[PDB]
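Next comes start_11.cif, with mmCIF, C-alpha atoms and all ligand atoms.
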data_data
#
loop_
_atom_site.label_atom_id
_atom_site.label_comp_id
_atom_site.auth_asym_id
_atom_site.auth_seq_id
_atom_site.Cartn_x
_atom_site.Cartn_y
_atom_site.Cartn_z
CA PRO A 1 0.00 0.00 0.00
CA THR A 2 0.93 3.65 -0.62
CA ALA A 3 2.95 6.03 1.53
CA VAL A 4 4.45 9.46 0.91
CA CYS A 5 8.19 9.75 1.46
CA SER A 6 9.91 12.32 3.69
CA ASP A 7 10.69 14.33 0.53
CA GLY A 8 7.05 14.24 -0.62
CA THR A 9 7.43 11.40 -3.12
CA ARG A 10 4.40 9.13 -3.52
CA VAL A 11 5.49 5.48 -3.55
CA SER A 12 3.69 2.19 -4.19
CA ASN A 13 5.46 0.69 -1.18
CA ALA A 14 6.93 2.44 1.87
CA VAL A 15 9.95 0.12 1.66
CA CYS A 16 11.04 2.26 -1.31
CA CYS A 17 11.48 5.15 1.15
CA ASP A 18 14.78 3.75 2.44
CA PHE A 19 16.29 4.57 -0.95
CA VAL A 20 15.56 8.29 -0.62
CA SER A 21 18.28 8.85 1.99
CA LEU A 22 20.59 6.44 0.13
CA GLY A 23 20.21 8.60 -2.97
CA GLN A 24 20.99 11.75 -1.01
CA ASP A 25 24.09 10.16 0.54
CA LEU A 26 25.33 8.84 -2.82
CA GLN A 27 25.12 12.39 -4.21
CA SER A 28 26.56 14.18 -1.19
CA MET A 29 29.42 11.76 -0.56
CA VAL A 30 30.49 10.46 -4.00
CA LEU A 31 28.63 11.59 -7.14
CA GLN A 32 28.28 15.27 -6.18
CA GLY A 33 25.44 15.78 -8.66
CA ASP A 34 27.94 15.42 -11.51
CA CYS A 35 28.07 13.18 -14.56
CA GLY A 36 31.76 12.83 -13.71
CA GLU A 37 34.46 10.25 -13.14
CA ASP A 38 32.78 8.63 -10.14
CA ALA A 39 29.40 8.44 -11.83
CA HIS A 40 30.90 6.83 -14.92
CA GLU A 41 32.69 4.16 -12.88
CA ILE A 42 29.55 3.36 -10.92
CA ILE A 43 27.63 2.88 -14.18
CA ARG A 44 30.39 0.59 -15.49
CA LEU A 45 30.03 -1.41 -12.26
CA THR A 46 26.29 -2.05 -12.79
CA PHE A 47 27.36 -3.93 -15.93
CA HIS A 48 30.28 -5.84 -14.39
CA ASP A 49 28.03 -6.88 -11.51
CA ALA A 50 25.02 -7.84 -13.64
CA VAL A 51 26.61 -9.63 -16.59
CA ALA A 52 28.44 -12.31 -14.56
CA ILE A 53 25.71 -14.93 -15.02
CA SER A 54 25.32 -17.81 -17.47
CA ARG A 55 22.26 -19.77 -18.61
CA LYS A 56 24.35 -22.60 -20.04
CA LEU A 57 26.66 -22.99 -17.00
CA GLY A 58 23.80 -22.66 -14.54
CA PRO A 59 23.43 -20.71 -11.24
CA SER A 60 26.81 -21.77 -9.79
CA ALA A 61 28.76 -19.69 -12.34
CA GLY A 62 27.23 -16.47 -11.02
CA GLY A 63 24.10 -14.82 -9.71
CA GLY A 64 24.03 -11.76 -11.97
CA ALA A 65 22.93 -8.45 -10.44
CA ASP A 66 23.57 -9.62 -6.89
CA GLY A 67 26.19 -7.26 -5.46
CA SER A 68 28.84 -9.98 -5.76
CA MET A 69 31.41 -7.30 -6.70
CA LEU A 70 30.86 -5.55 -3.33
CA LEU A 71 30.29 -8.62 -1.13
CA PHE A 72 33.39 -10.39 -2.46
CA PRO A 73 35.73 -7.48 -3.28
CA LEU A 74 38.83 -9.70 -3.12
CA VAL A 75 37.58 -11.99 -5.93
CA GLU A 76 35.91 -10.60 -9.10
CA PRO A 77 37.29 -7.03 -9.00
CA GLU A 78 40.78 -8.53 -9.33
CA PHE A 79 39.98 -10.71 -12.39
CA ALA A 80 41.79 -9.28 -15.44
CA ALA A 81 38.62 -8.20 -17.27
CA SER A 82 37.63 -5.95 -14.34
CA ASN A 83 40.96 -4.18 -13.83
CA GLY A 84 40.09 -0.70 -12.56
CA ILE A 85 36.64 -1.56 -11.21
CA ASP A 86 38.15 -1.33 -7.70
CA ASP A 87 37.42 2.41 -7.59
CA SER A 88 33.64 2.10 -7.88
CA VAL A 89 33.60 -0.98 -5.63
CA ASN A 90 35.54 0.81 -2.89
CA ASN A 91 33.29 3.86 -3.19
CA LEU A 92 30.11 1.83 -2.72
CA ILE A 93 31.18 -0.55 0.08
CA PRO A 94 30.71 2.01 2.95
CA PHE A 95 27.05 2.43 1.96
CA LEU A 96 26.35 -1.20 3.00
CA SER A 97 26.73 -0.39 6.72
CA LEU A 98 25.41 3.17 6.41
CA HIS A 99 22.19 1.78 4.88
CA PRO A 100 21.89 -1.77 6.33
CA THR A 101 18.30 -2.39 5.13
CA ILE A 102 19.54 -2.22 1.51
CA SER A 103 21.21 -5.21 -0.18
CA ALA A 104 24.47 -4.94 -2.09
CA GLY A 105 22.61 -5.89 -5.28
CA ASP A 106 20.03 -3.14 -4.78
CA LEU A 107 22.87 -0.73 -3.88
CA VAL A 108 24.79 -1.30 -7.13
CA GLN A 109 21.74 -0.88 -9.35
CA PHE A 110 20.28 2.10 -7.51
CA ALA A 111 23.67 3.83 -7.56
CA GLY A 112 23.78 3.32 -11.34
CA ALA A 113 20.30 4.80 -11.73
CA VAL A 114 21.24 7.86 -9.63
CA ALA A 115 24.54 8.31 -11.49
CA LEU A 116 22.71 8.15 -14.83
CA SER A 117 20.29 10.91 -13.69
CA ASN A 118 23.33 13.23 -13.39
CA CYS A 119 24.01 12.95 -17.14
CA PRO A 120 22.14 15.37 -19.47
CA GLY A 121 20.01 13.31 -21.83
CA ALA A 122 20.09 10.04 -19.86
CA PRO A 123 16.81 8.20 -19.33
CA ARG A 124 15.10 7.88 -15.96
CA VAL A 125 15.69 4.15 -15.64
CA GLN A 126 13.36 1.66 -14.02
CA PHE A 127 14.43 0.57 -10.55
CA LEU A 128 13.12 -2.61 -8.96
CA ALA A 129 14.20 -3.42 -5.41
CA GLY A 130 14.39 -6.60 -3.32
CA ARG A 131 17.51 -8.39 -4.53
CA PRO A 132 18.69 -10.80 -1.78
CA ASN A 133 21.54 -9.54 0.41
CA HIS A 134 23.60 -12.72 0.06
CA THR A 135 25.30 -14.48 -2.86
CA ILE A 136 28.69 -15.91 -3.81
CA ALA A 137 31.48 -14.71 -6.12
CA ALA A 138 31.04 -15.43 -9.82
CA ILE A 139 33.62 -17.35 -11.85
CA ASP A 140 36.09 -15.65 -14.19
CA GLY A 141 35.52 -15.32 -17.95
CA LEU A 142 31.99 -13.88 -17.91
CA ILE A 143 32.77 -10.26 -18.76
CA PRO A 144 33.29 -9.24 -22.42
CA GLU A 145 36.61 -7.60 -23.26
CA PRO A 146 37.32 -4.92 -25.90
CA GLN A 147 39.41 -7.34 -28.02
CA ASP A 148 36.52 -9.83 -28.35
CA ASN A 149 34.80 -10.16 -31.75
CA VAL A 150 31.06 -9.59 -32.36
CA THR A 151 30.13 -13.31 -32.41
CA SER A 152 31.68 -13.72 -28.97
CA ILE A 153 30.11 -10.52 -27.65
CA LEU A 154 26.64 -11.45 -28.91
CA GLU A 155 26.93 -15.03 -27.56
CA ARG A 156 27.96 -13.78 -24.11
CA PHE A 157 25.03 -11.35 -23.85
CA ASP A 158 22.59 -13.97 -25.16
CA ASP A 159 23.98 -16.49 -22.67
CA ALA A 160 23.79 -13.96 -19.83
CA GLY A 161 20.17 -12.96 -20.33
CA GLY A 162 18.82 -13.44 -23.86
CA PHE A 163 19.90 -10.01 -25.11
CA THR A 164 19.30 -9.44 -28.82
CA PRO A 165 21.89 -7.69 -31.02
CA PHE A 166 19.66 -4.57 -30.83
CA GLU A 167 19.70 -4.63 -27.03
CA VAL A 168 23.49 -5.07 -27.02
CA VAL A 169 23.98 -2.02 -29.25
CA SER A 170 21.42 -0.19 -27.06
CA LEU A 171 23.44 -0.96 -23.92
CA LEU A 172 26.59 0.32 -25.58
CA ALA A 173 25.01 3.78 -25.78
CA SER A 174 26.60 3.94 -22.31
CA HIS A 175 29.91 4.63 -24.07
CA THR A 176 28.62 8.15 -24.72
CA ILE A 177 29.79 8.93 -21.15
CA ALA A 178 32.71 6.52 -20.99
CA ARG A 179 36.50 6.93 -20.75
CA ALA A 180 39.42 4.46 -20.46
CA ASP A 181 42.07 4.38 -17.72
CA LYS A 182 43.55 0.87 -18.16
CA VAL A 183 43.44 0.24 -21.91
CA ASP A 184 46.54 2.38 -22.52
CA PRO A 185 49.05 2.16 -19.65
CA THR A 186 50.32 5.65 -20.59
CA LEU A 187 46.90 7.37 -20.63
CA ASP A 188 44.35 8.39 -18.02
CA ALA A 189 40.66 9.02 -18.78
CA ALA A 190 40.82 8.71 -22.57
CA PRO A 191 37.24 9.54 -23.69
CA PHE A 192 35.27 7.37 -26.17
CA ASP A 193 33.41 10.41 -27.56
CA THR A 194 33.84 14.20 -27.67
CA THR A 195 31.15 14.69 -24.98
CA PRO A 196 31.94 12.26 -22.14
CA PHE A 197 29.76 14.26 -19.72
CA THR A 198 26.75 14.32 -22.07
CA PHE A 199 24.43 11.37 -22.74
CA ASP A 200 24.06 12.00 -26.47
CA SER A 201 24.61 10.11 -29.72
CA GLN A 202 28.10 11.49 -30.53
CA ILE A 203 29.61 8.05 -29.75
CA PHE A 204 27.59 6.48 -32.54
CA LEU A 205 28.68 9.09 -35.07
CA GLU A 206 32.31 9.28 -34.06
CA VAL A 207 33.05 5.51 -34.17
CA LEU A 208 31.97 5.68 -37.83
CA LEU A 209 34.71 8.19 -38.77
CA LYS A 210 37.97 6.93 -40.34
CA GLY A 211 40.69 6.35 -37.74
CA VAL A 212 43.82 8.50 -38.20
CA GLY A 213 46.13 7.86 -35.24
CA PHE A 214 46.34 7.03 -31.55
CA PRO A 215 46.03 9.18 -28.39
CA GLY A 216 48.88 7.18 -26.84
CA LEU A 217 50.55 3.89 -27.82
CA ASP A 218 49.63 2.30 -31.17
CA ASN A 219 49.46 -1.36 -30.08
CA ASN A 220 47.23 -1.72 -27.02
CA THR A 221 45.06 -4.85 -26.87
CA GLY A 222 41.43 -3.98 -27.55
CA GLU A 223 42.16 -0.55 -29.02
CA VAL A 224 42.06 0.64 -32.64
CA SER A 225 42.81 3.83 -34.58
CA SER A 226 41.02 6.98 -33.40
CA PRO A 227 39.58 9.78 -35.58
CA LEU A 228 40.50 12.51 -33.06
CA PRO A 229 43.67 11.31 -31.30
CA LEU A 230 45.19 14.58 -30.12
CA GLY A 231 45.16 15.94 -26.59
CA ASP A 232 47.49 18.03 -24.44
CA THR A 233 48.98 15.17 -22.42
CA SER A 234 52.41 15.38 -24.10
CA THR A 235 52.80 18.80 -22.44
CA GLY A 236 51.43 17.88 -19.00
CA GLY A 237 47.77 18.62 -19.65
CA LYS A 238 44.95 16.30 -18.61
CA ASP A 239 42.78 16.53 -21.73
CA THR A 240 43.56 13.10 -23.18
CA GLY A 241 42.79 12.49 -26.87
CA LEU A 242 39.88 10.33 -28.03
CA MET A 243 40.27 6.53 -27.86
CA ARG A 244 38.42 3.95 -29.97
CA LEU A 245 37.74 0.40 -28.74
CA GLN A 246 38.06 -2.54 -31.15
CA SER A 247 34.70 -3.83 -29.87
CA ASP A 248 32.88 -0.58 -30.68
CA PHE A 249 34.44 -0.45 -34.16
CA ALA A 250 33.43 -4.09 -34.71
CA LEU A 251 29.81 -3.53 -33.58
CA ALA A 252 29.54 -0.47 -35.85
CA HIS A 253 30.46 -2.48 -38.97
CA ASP A 254 29.22 -6.04 -38.36
CA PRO A 255 26.18 -6.98 -40.49
CA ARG A 256 24.30 -8.10 -37.36
CA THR A 257 24.71 -4.76 -35.54
CA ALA A 258 25.77 -2.01 -37.98
CA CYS A 259 22.27 -0.78 -38.81
CA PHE A 260 21.33 -0.62 -35.12
CA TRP A 261 24.57 1.27 -34.48
CA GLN A 262 23.92 3.89 -37.17
CA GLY A 263 20.21 4.03 -36.31
CA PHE A 264 21.03 5.90 -33.09
CA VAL A 265 22.97 8.73 -34.80
CA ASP A 266 21.06 12.00 -34.20
CA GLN A 267 18.15 10.11 -32.65
CA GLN A 268 18.39 11.27 -29.04
CA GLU A 269 15.02 10.04 -27.76
CA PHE A 270 15.19 6.70 -29.62
CA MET A 271 18.69 6.10 -28.23
CA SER A 272 17.83 7.07 -24.66
CA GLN A 273 14.62 5.00 -24.60
CA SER A 274 16.38 1.99 -26.16
CA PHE A 275 19.21 2.11 -23.63
CA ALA A 276 16.66 2.40 -20.81
CA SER A 277 14.76 -0.74 -21.90
CA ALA A 278 17.89 -2.85 -22.32
CA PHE A 279 19.40 -1.47 -19.09
CA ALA A 280 16.28 -2.34 -17.05
CA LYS A 281 16.66 -5.90 -18.29
CA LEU A 282 20.37 -5.89 -17.40
CA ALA A 283 19.58 -4.61 -13.89
CA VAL A 284 17.48 -7.64 -12.92
CA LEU A 285 19.66 -10.41 -14.30
CA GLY A 286 19.66 -13.30 -11.82
CA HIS A 287 16.15 -12.45 -10.64
CA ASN A 288 12.48 -13.05 -11.36
CA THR A 289 10.77 -9.64 -11.46
CA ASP A 290 7.84 -11.23 -9.60
CA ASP A 291 10.10 -11.40 -6.51
CA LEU A 292 10.98 -7.69 -6.75
CA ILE A 293 9.10 -4.49 -5.96
CA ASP A 294 8.76 -1.37 -8.15
CA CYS A 295 10.60 1.63 -6.64
CA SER A 296 11.08 3.56 -9.89
CA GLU A 297 9.56 6.66 -8.26
CA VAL A 298 12.63 7.18 -6.09
CA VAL A 299 14.98 7.46 -9.10
CA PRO A 300 15.76 11.19 -9.49
CA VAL A 301 14.45 13.01 -12.57
CA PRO A 302 17.50 13.24 -14.88
CA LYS A 303 19.09 16.42 -16.20
CA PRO A 304 17.31 17.16 -19.50
CA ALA A 305 18.88 16.52 -22.92
CA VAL A 306 21.12 19.36 -24.12
CA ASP A 307 19.92 21.81 -26.80
CA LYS A 308 22.85 21.10 -29.12
CA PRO A 309 22.04 19.01 -32.22
CA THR A 310 24.26 16.07 -33.22
CA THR A 311 27.18 17.43 -35.26
CA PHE A 312 30.52 16.50 -36.74
CA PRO A 313 33.40 17.47 -34.43
CA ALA A 314 35.79 20.19 -35.66
CA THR A 315 38.06 19.00 -38.53
CA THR A 316 35.79 16.07 -39.41
CA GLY A 317 32.90 15.78 -41.87
CA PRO A 318 30.73 13.29 -43.80
CA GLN A 319 33.57 12.68 -46.27
CA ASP A 320 35.40 11.03 -43.33
CA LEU A 321 32.66 8.44 -42.68
CA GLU A 322 33.05 4.67 -43.11
CA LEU A 323 29.46 3.48 -43.63
CA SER A 324 28.16 -0.13 -43.49
CA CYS A 325 24.36 0.17 -43.26
CA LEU A 326 22.29 0.03 -46.48
CA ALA A 327 18.86 0.12 -44.79
CA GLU A 328 19.03 3.76 -43.68
CA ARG A 329 20.72 6.86 -45.14
CA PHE A 330 23.18 8.59 -42.81
CA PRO A 331 21.58 11.96 -41.90
CA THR A 332 22.79 15.36 -43.12
CA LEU A 333 24.37 17.08 -40.10
CA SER A 334 26.23 20.33 -39.43
CA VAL A 335 30.02 20.50 -38.95
CA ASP A 336 31.54 22.25 -35.91
CA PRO A 337 33.69 25.18 -37.17
CA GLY A 338 37.43 25.09 -36.53
CA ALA A 339 40.70 24.41 -38.33
CA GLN A 340 42.27 22.16 -35.70
CA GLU A 341 40.97 19.52 -33.28
CA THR A 342 39.15 20.80 -30.20
CA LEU A 343 40.57 19.44 -26.94
CA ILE A 344 38.06 17.21 -25.15
CA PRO A 345 37.76 18.66 -21.62
CA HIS A 346 38.90 16.48 -18.73
CA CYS A 347 36.06 17.82 -16.56
CA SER A 348 32.32 18.51 -16.98
CA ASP A 349 32.94 22.20 -16.27
CA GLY A 350 35.29 22.56 -19.26
CA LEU A 351 38.46 22.75 -17.18
CA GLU A 352 41.18 20.21 -16.31
CA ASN A 353 41.55 20.62 -12.55
CA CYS A 354 38.46 18.82 -11.17
CA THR A 355 38.99 16.13 -8.53
CA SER A 356 36.92 13.07 -7.62
CA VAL A 357 35.93 11.32 -4.39
CA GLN A 358 37.77 8.06 -3.77
CA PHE A 359 37.29 6.00 -0.61
CA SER A 360 40.04 3.58 0.38
CA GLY A 361 38.96 -0.06 0.37
CA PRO A 362 39.71 -3.81 -0.04
CA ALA A 363 39.38 -4.04 -3.85
CA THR A 364 42.59 -3.52 -5.85
CA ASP A 365 43.86 -3.25 -9.43
CA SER A 366 47.05 -3.20 -11.53
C1 LIG B 1 30.99 -5.56 -25.43
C2 LIG B 1 30.69 -5.05 -24.22
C3 LIG B 1 31.59 -4.01 -23.50
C4 LIG B 1 32.92 -3.83 -23.60
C5 LIG B 1 33.94 -4.65 -24.43
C6 LIG B 1 33.28 -2.72 -22.74
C7 LIG B 1 34.56 -2.24 -22.56
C8 LIG B 1 34.93 -1.15 -21.81
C9 LIG B 1 36.30 -0.72 -21.57
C10 LIG B 1 37.58 -1.39 -22.12
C11 LIG B 1 36.25 0.37 -20.80
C12 LIG B 1 37.49 1.15 -20.31
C13 LIG B 1 37.86 0.68 -18.91
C14 LIG B 1 39.17 1.31 -18.55
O1 LIG B 1 40.19 0.97 -19.19
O2 LIG B 1 39.19 2.18 -17.62
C15 LIG B 1 34.86 0.68 -20.51
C16 LIG B 1 34.39 1.73 -19.76
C17 LIG B 1 33.06 1.97 -19.45
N1 LIG B 1 31.99 1.10 -19.68
FE1 LIG B 1 31.98 -0.37 -21.29
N2 LIG B 1 32.14 -2.24 -22.15
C18 LIG B 1 31.07 -3.00 -22.59
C19 LIG B 1 29.76 -2.82 -22.22
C20 LIG B 1 29.30 -1.86 -21.34
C21 LIG B 1 27.96 -1.77 -20.82
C22 LIG B 1 26.84 -2.77 -21.18
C23 LIG B 1 27.91 -0.70 -19.99
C24 LIG B 1 26.72 -0.13 -19.17
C25 LIG B 1 25.44 -0.45 -19.39
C26 LIG B 1 29.22 -0.09 -19.99
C27 LIG B 1 29.56 1.05 -19.29
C28 LIG B 1 30.79 1.65 -19.23
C29 LIG B 1 31.04 2.96 -18.66
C30 LIG B 1 30.01 3.94 -18.05
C31 LIG B 1 32.55 3.16 -18.80
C32 LIG B 1 33.35 4.39 -18.36
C33 LIG B 1 33.95 4.20 -16.98
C34 LIG B 1 34.62 5.51 -16.71
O3 LIG B 1 34.75 6.34 -17.65
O4 LIG B 1 34.98 5.74 -15.54
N3 LIG B 1 30.05 -0.81 -20.82
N4 LIG B 1 34.08 -0.27 -21.15
CA CA B 2 27.36 -10.10 -9.84
CA CA B 3 28.65 11.78 -25.15
#

Rewrite the coordinates I just gave you, this time as structure tokens.
Amino acid sequence: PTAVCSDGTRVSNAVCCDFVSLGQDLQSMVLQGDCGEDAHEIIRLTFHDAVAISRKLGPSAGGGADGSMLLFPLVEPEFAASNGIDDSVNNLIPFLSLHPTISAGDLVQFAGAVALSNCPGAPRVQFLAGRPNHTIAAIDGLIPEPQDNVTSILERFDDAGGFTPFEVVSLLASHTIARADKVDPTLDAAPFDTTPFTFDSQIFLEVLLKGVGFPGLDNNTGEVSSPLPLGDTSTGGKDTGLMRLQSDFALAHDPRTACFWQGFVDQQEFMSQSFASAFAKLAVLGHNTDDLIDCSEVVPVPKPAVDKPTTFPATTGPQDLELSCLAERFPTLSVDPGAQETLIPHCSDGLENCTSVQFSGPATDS
């Protein structure tokens, strides 16, 4: 039955009210209302937690969205595929004792939902609560890596939870606010698109441009040529150049996924709604939704989509595109004016000096 929360929010179940203070503490203590470094890592973690599950291997291989990353921080976060996930894990662990009525599985997914709401253009995702507070650590090998090919990627997602190629491409819209710290051992926070603090479709457009060089080394596993490789890192700046993942390039050109990939270019609402549907399905892996309760009302209303249309970054244009999709014409778009590449800002405020919250904790990396 209904209750109103202490903030005035009408909920279908007063148990949802516990998440209100959790949301406030996640913002005040870690996310700081920003679509920044900490938010991005927490969103990455929702995926690393959820995807470790296998229909063909059965329940013993992993329980999916179960908080296994937080409850066993000495196991999965140190598997090679999750190198660097320690940051988000360590940031979330303290919230387990601060909010003891909330399971680790609920914590991970609610944190992801709140983090998403900080990103302009992101959908207000569904949030179901009631994941059990106990599980065991998943086995290794369940998380896709950027060097994997499309067949492998699609098989893993289908084996994890019956995801279609469309849902896989939809989930990868998340790379619109994604950067890499471990892919290149010489680079920190190399962004996958020119707007890593904006949930827009630039990622879909920019992976389709011809690659011209690298932001760092030229032979990292899982990385391919980038269309906008230059930054100011060679002179001590923090604006790293753009990085392209092999897996994103492969999804953009494979016959099973290429039309879905291009279909999101300049389609803000279609992209954000598609990501939301596939993400809601990701968030309840390992669970029957019948055993969960709907607490979507306590997910914050997200920052609205930006005014800016989808455009070619400075120095690029349609003549630079490598197209693979015959079913739909690539749209006519404007080109950002400028004779040289525009540095991609290290921080959502346009500067380079922002800092992020990092709690110390048991999870580690290399
Ligand atoms: C084929 C599947 C995927 C591959 C191969 C992949 C790969 C990667 C890699 C290599 C990084 C860089 C990590 C680093 O070096 O620091 C990354 C970051 C990230 N991933 Fe993906 N990922 C996949 C799917 C997903 C999904 C399904 C989501 C969420 C729904 C997601 C969300 C993110 C986010 C938000 C970041 C940025 C973290 C940050 O900037 O702090 N990824 N991913
Ligand atoms: Ca898990
Ligand atoms: Ca973006």

For this session: Return as a list in words the residues of protein, DNA or RNA that approach ligand CA 3 (chain B) to within 7 Å, with all atoms listed in the file taken into account.
Result: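 Checked against 7 Å with all atoms listed in the file; the hits are residues 176, 177, 193, 194, 195, 196, 197, 198, 199, 200, 201, 202 and 203 of chain A.
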
For this session: Go through A:181, A:25, A:232, A:140 one by one, measure the shortest atom-to-atom distance of each to ligand LIG 1 (chain B) using all atoms listed in the file, and give the residue with the smallest value.
Result: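 With all atoms listed in the file as the atom set, the closest residue is A:181.
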
Problem set entry | A:257, A:97, A:12, A:68 ranked by distance to ligand LIG 1 (chain B), top pick (using all atoms listed in the file) | A:257

Exercise. For residue 228 (chain A), which residue among A:294, A:320, A:341, A:49 is the nearest when counting all atoms listed in the file?
Worked result: A:341

Exercise. Which residue, A:237, A:216, A:130, A:286, has the smallest gap to ligand CA 2 (chain B) when you use all atoms listed in the file?
Worked result: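 Of A:237, A:216, A:130, A:286, the one nearest ligand CA 2 (chain B) is A:286, counting all atoms listed in the file.
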
For this session: Would you list the residues that come within 6 Å of ligand LIG 1 (chain B)? Count all atoms listed in the file and give the answer as a list in words.
Result: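 Residues lying within 6 Å of ligand LIG 1 (chain B): residues 37, 40, 41, 43, 44, 47, 84, 144, 145, 146, 153, 171, 172, 174, 175, 177, 178, 179, 180, 181, 182, 183 and 247 of chain A.
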
Exercise. Using all atoms listed in the file, which residue out of A:50, A:81, A:125, A:252 lies closest to residue 222 (chain A)?
Worked result: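 Looking at the shortest contact to residue 222 (chain A), the residue is A:81.
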
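The binding environment of ligand CA 2 (chain B), defined as every protein, DNA or RNA residue with an atom no more than 9 Å away and counting all atoms listed in the file, comprises residues 46, 47, 48, 49, 50, 51, 52, 53, 62, 63, 64, 65, 66, 67, 68, 69, 70, 76, 105, 135, 136, 137, 138, 285 and 286 of chain A.
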
Problem set entry | Among listed residues A:132, A:229, A:123, A:255, nearest residue 278 (chain A) (using all atoms listed in the file) |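 Closest to residue 278 (chain A), using all atoms listed in the file: A:123.
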
For this session: For residue 220 (chain A), please output as a PyMOL selection string all residues within 12 Å (counting all atoms listed in the file; exclusion window: fewer than 2 positions along the same chain).
Result: chain A and resi 146-147+180+182-187+214-218+222-225+243-246

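When CA of residue 358 (chain A) is paired with CA of residue 343 (chain A), their separation reads 26.0 Å.
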
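Selecting by distance to (10.1, 13.0, -0.5) with a limit of 12 Å and using all atoms listed in the file, one obtains residues 3, 4, 5, 6, 7, 8, 9, 10, 11, 14, 16, 17, 18, 19, 20, 21, 23, 24, 297, 298, 299 and 300 of chain A.
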
Would you output that residue set with C-alpha atoms, as an mmCIF file, in the frame of the given file?
data_model
loop_
_atom_site.group_PDB
_atom_site.id
_atom_site.type_symbol
_atom_site.label_atom_id
_atom_site.label_comp_id
_atom_site.auth_asym_id
_atom_site.auth_seq_id
_atom_site.Cartn_x
_atom_site.Cartn_y
_atom_site.Cartn_z
ATOM 1 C CA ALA A 3 2.950 6.030 1.530
ATOM 2 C CA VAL A 4 4.450 9.460 0.910
ATOM 3 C CA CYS A 5 8.190 9.750 1.460
ATOM 4 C CA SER A 6 9.910 12.320 3.690
ATOM 5 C CA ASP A 7 10.690 14.330 0.530
ATOM 6 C CA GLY A 8 7.050 14.240 -0.620
ATOM 7 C CA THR A 9 7.430 11.400 -3.120
ATOM 8 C CA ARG A 10 4.400 9.130 -3.520
ATOM 9 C CA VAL A 11 5.490 5.480 -3.550
ATOM 10 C CA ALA A 14 6.930 2.440 1.870
ATOM 11 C CA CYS A 16 11.040 2.260 -1.310
ATOM 12 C CA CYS A 17 11.480 5.150 1.150
ATOM 13 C CA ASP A 18 14.780 3.750 2.440
ATOM 14 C CA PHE A 19 16.290 4.570 -0.950
ATOM 15 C CA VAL A 20 15.560 8.290 -0.620
ATOM 16 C CA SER A 21 18.280 8.850 1.990
ATOM 17 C CA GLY A 23 20.210 8.600 -2.970
ATOM 18 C CA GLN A 24 20.990 11.750 -1.010
ATOM 19 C CA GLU A 297 9.560 6.660 -8.260
ATOM 20 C CA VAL A 298 12.630 7.180 -6.090
ATOM 21 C CA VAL A 299 14.980 7.460 -9.100
ATOM 22 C CA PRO A 300 15.760 11.190 -9.490
#

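Near residue 316 (chain A), within 8 Å and counting only C-alpha atoms, sit residues 209, 312, 313, 319, 320 and 335 of chain A; same-chain residues fewer than 3 positions away were not included.
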
Problem set entry | Straight-line distance linking CA of residue 157 (chain A) with CA of residue 188 (chain A), stated in Å to one decimal |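 Between these atoms lies a distance of 28.2 Å.
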
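Computed from the coordinates, the CA of residue 349 (chain A) to CA of residue 31 (chain A) distance equals 14.6 Å.
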
Exercise. Can you list, as a PyMOL selection string, every protein, DNA or RNA residue that comes within 8 Å of residue 170 (chain A) when you count all atoms listed in the file, leaving out same-chain residues fewer than 2 positions away?
Worked result: chain A and resi 166-168+172-173+271+274-275+278

For this session: Kindly extract all protein, DNA and RNA residues lying within 12 Å of the coordinates (27.6, -13.6, -24.6) given in the file, considering all atoms listed in the file, and supply them as a ChimeraX atom specification.
Result: /A:51-56,141-145,148-165,168

Write a file of the selected residues as a JSON list (two decimals), keeping the file's coordinate frame, keeping C-alpha atoms.
[["chain", "number", "residue", "atom", "x", "y", "z"],
["A", 51, "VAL", "CA", 26.61, -9.63, -16.59],
["A", 52, "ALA", "CA", 28.44, -12.31, -14.56],
["A", 53, "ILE", "CA", 25.71, -14.93, -15.02],
["A", 54, "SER", "CA", 25.32, -17.81, -17.47],
["A", 55, "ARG", "CA", 22.26, -19.77, -18.61],
["A", 56, "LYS", "CA", 24.35, -22.60, -20.04],
["A", 141, "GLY", "CA", 35.52, -15.32, -17.95],
["A", 142, "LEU", "CA", 31.99, -13.88, -17.91],
["A", 143, "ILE", "CA", 32.77, -10.26, -18.76],
["A", 144, "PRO", "CA", 33.29, -9.24, -22.42],
["A", 145, "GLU", "CA", 36.61, -7.60, -23.26],
["A", 148, "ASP", "CA", 36.52, -9.83, -28.35],
["A", 149, "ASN", "CA", 34.80, -10.16, -31.75],
["A", 150, "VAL", "CA", 31.06, -9.59, -32.36],
["A", 151, "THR", "CA", 30.13, -13.31, -32.41],
["A", 152, "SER", "CA", 31.68, -13.72, -28.97],
["A", 153, "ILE", "CA", 30.11, -10.52, -27.65],
["A", 154, "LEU", "CA", 26.64, -11.45, -28.91],
["A", 155, "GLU", "CA", 26.93, -15.03, -27.56],
["A", 156, "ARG", "CA", 27.96, -13.78, -24.11],
["A", 157, "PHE", "CA", 25.03, -11.35, -23.85],
["A", 158, "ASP", "CA", 22.59, -13.97, -25.16],
["A", 159, "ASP", "CA", 23.98, -16.49, -22.67],
["A", 160, "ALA", "CA", 23.79, -13.96, -19.83],
["A", 161, "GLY", "CA", 20.17, -12.96, -20.33],
["A", 162, "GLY", "CA", 18.82, -13.44, -23.86],
["A", 163, "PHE", "CA", 19.90, -10.01, -25.11],
["A", 164, "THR", "CA", 19.30, -9.44, -28.82],
["A", 165, "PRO", "CA", 21.89, -7.69, -31.02],
["A", 168, "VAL", "CA", 23.49, -5.07, -27.02]]

For this session: Determine, counting only C-alpha atoms, which protein, DNA and RNA residues have an atom within 12 Å of an atom of residue 98 (chain A); residues of the same chain fewer than 3 positions away are not included. Present the result as a ChimeraX atom specification.
Result: /A:18-19,21-22,25-26,29,92-95,101-104,107
